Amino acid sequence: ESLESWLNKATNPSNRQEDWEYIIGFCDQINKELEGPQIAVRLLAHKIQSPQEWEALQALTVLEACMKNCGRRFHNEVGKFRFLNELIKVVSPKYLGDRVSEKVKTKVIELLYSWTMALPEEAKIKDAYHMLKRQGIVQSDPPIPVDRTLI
């Protein structure tokens, strides 16, 4: 099936639990499509910004899996303000910040913080995270789950 096909099932607000069946399927799909990365970030940005917490949560988990399964071609897309601004809008009180849940917000920050470490190459990711702090959105570096592959 198609990218949206996979994502829709992988982020369905009805799911009783995470369905890693579709999460991985969305990932390999991205790895097949000549424009999988470009298309995927756009799709993910939208799901992550959904008013339905469970949909955004699953979307974030899917985004996390793509970071580990879709290599550099995916990283490059995430490392752009085009996508990053969409995540900022989720935690920034100026935009969607005052409506999104603490669950979604902290998850997003955890990931951004994580990427500044794992992808020292992606300067835009650092600038994005740094702003969030300089703007009081993030009071301090959050603790994160142990993952030794984060270089």
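For every residue, the number given is its place in the sequence shown, counted from 1.
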| item | value |
| --- | --- |
| 139 to 147 versus 126 to 134 - which carries the larger mean C-alpha B factor in the record | 126 to 134 |
| Segment of higher mean CA temperature factor, 94 to 102 or 48 to 56 | 94 to 102 |
| Out of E110, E121, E86, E64, residue topping the C-alpha B-factor column of the entry | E121 |
| Third of the chain's Cα B-factor distribution that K32 belongs to, per the entry | highest |
